[PDB]
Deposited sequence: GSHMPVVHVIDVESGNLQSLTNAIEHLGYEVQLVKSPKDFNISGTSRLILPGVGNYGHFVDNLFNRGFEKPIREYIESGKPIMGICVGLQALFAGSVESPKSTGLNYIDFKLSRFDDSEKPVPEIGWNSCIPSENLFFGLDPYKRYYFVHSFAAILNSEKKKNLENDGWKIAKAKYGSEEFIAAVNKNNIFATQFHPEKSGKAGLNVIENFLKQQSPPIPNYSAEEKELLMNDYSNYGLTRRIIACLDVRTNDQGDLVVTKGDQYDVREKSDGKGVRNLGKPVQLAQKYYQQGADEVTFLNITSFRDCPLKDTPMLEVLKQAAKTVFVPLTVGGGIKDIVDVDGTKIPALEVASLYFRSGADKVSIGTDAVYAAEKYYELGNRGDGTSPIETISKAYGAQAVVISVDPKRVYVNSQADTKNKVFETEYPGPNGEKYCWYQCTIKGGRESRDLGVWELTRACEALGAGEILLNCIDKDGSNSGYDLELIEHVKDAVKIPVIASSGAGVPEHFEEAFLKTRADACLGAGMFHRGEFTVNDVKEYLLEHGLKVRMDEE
């Protein structure tokens, strides 16, 4: 109440606020949530934070409806420190092309635009860096990495950054593909980041601490060798080679939560171990007469979120459900609950196939009813990942199937030179007459922001990923594709990052068995010239 400095956090009650609050408490501060302007007064607020996630309009409409515009402007005029995060940063601008009718605080007179997806995957999902400059602030280090997850940004050109400079704005730039954009801003008492510091591990914790203590630490005296090693070479569009750690969350005989078939601390402690070992992301595969509110998976997320300052993904059970009391609970509401519990992204499996089939039936259109459509409209494409389980099917020619085929280097049994990948549902138990090409393209059109490409037939083989499958899906969509299933050693990650256009690599069993840690994979990739996040607490 006064035993530690209080940080007021504006809470529009949407999305993951667990990470930010836990990050602030971890730094030795007390959090005071401000859900309504009655919850805070200017004079008694010394540190204000304006977090935001999701669709621009979805956030700003909520924020202004609750009556926060005046109290935010008044607080800013008081000259006291304010920090905006993500949409919190975007709210300082004139508006965003994402929500054309929404307005912004207009401190920066231009609107946020969408990244050019003709040259690179959109949304940008990953670890980018701030371009070296003489006017960085709050410890922003060009040789460290921060986690960005967005489709929209304040894309810069010579005129805009000059006007900003003449305006007295200090800008931290970043580049994705050939486009330069605002990573962070600083003018007088206003500080804001496009990246999520609470999702950027220690490097992110440092930025938050630097804002709270109002300090701009000099960046470390890096050696010319370290600089050449740590600098962004703009390989992979400027994003590091993203290593994802995955674990299952099962229910055992005693009704407890486990990761392995026979033995809720276990899934939580393994997630913490993954983070502590360099995981850039932690994915939970939820395979567990319980009311929603009491879904233990949500407790796993809430507990994991206390110390894991990296993106958390949850897959399984994110669908229209019927609660114990018959309450009809939409996928959107189920997702919102997981998000508020600590998840940053939800993975859609079975319903994605249903959505894709309906998509083609309707003449390559969505009716806005799919969980892909509802969750992405509210939280953006970046909050939705599609879990695909393809199986190779050989054919003599494109004439033997309705589905899109590709010429393979590995001919079939009867000498077939072409193949398509058939998609499965219900944990891979049922096949559908839908190819992965058709499935991913439809899901992308419906608003999916990422594809989790599992290679069933490679699952548990520890022989590497299905390279042709990765390339086939990369040819199909423009959204980021995660290579999954088959990884056993660090070389498998190297092979995926150098021989395919894979946007990320996920590991499960190899990390769970302790054969290798994420850092083992990273050290190996590092040694081979690839750029990877190397951050520790």
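Ranges of the deposited sequence (numbered from 1) for which no C-alpha atom is modelled = Several stretches lack coordinates - namely 264-278, 304-306, in sequence order.
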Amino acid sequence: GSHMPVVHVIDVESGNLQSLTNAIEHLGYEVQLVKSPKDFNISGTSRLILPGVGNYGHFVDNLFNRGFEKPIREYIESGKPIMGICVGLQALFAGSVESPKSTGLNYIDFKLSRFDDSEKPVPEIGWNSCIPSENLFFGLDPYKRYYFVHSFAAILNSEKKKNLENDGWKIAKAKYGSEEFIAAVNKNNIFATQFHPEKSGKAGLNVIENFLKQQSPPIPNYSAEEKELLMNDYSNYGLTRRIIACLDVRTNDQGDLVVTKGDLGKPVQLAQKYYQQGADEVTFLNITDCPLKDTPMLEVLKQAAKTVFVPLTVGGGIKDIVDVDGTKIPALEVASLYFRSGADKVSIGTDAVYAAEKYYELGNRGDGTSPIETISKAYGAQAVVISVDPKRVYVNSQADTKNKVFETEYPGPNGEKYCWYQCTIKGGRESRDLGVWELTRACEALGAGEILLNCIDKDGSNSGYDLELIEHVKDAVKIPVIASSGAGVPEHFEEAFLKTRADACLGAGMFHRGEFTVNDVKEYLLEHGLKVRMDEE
From here on, numbers count along this sequence of modelled residues.
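query = Thinking of the other compared PDB entries, is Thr260 one of those residues unmodelled in at least a third of them?
reply = Yes, a third or more of the compared structures omit it.
message = Among the other entries of this protein that were compared (only those with both neighbours built), does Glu333 lack coordinates in at least a third?
response = no, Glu333 modelled in all other entries.
query = With respect to the recorded C-alpha B factors, which stretch has the higher mean value, 503-511 or 35-43?
reply = Result of the comparison: 35-43.
ask   = Got a sec? Mean C-alpha B-factor, which is higher, 291-299 or 188-196?
value = The deposited B-factors put 291-299 ahead on the C-alpha mean.
Most elevated Cα B-factor in the entry, residues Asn206, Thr313, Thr103, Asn236 = Answer for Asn206, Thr313, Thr103, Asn236: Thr103, with the highest C-alpha B-factor.
query = Per the coordinate record, which of the options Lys213, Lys227, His150, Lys162 holds the highest CA temperature factor?
reply = Going by the entry's C-alpha B-factors, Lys227 comes out highest.
inquiry  = Based on the deposited C-alpha B factors for this chain, I'd like to know if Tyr222 is in the lowest, middle or highest third.
reply    = It falls in the top third of the chain.
Ranked against its chain, the third holding the CA B-factor of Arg145 = Its C-alpha B-factor belongs to the lowest third of this chain's values.
task = Select lowest, middle or highest to describe the third in which the CA B-factor of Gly54 falls within its chain in this entry.
result = According to the entry, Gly54 has a C-alpha B-factor in the chain's highest third.
ask   = According to the PDB entry, is the CA B factor of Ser484 in the bottom, middle or top third of its chain, that is, lowest, middle or highest?
value = Its C-alpha B-factor, which the entry lists for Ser484, ranks in the lowest third among residues of this chain.
ask   = For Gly363, does the deposited CA B-factor place it in the lowest, middle or highest third of the chain?
value = Within its chain, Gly363 is a highest-third residue by C-alpha B-factor, going by the deposited values.
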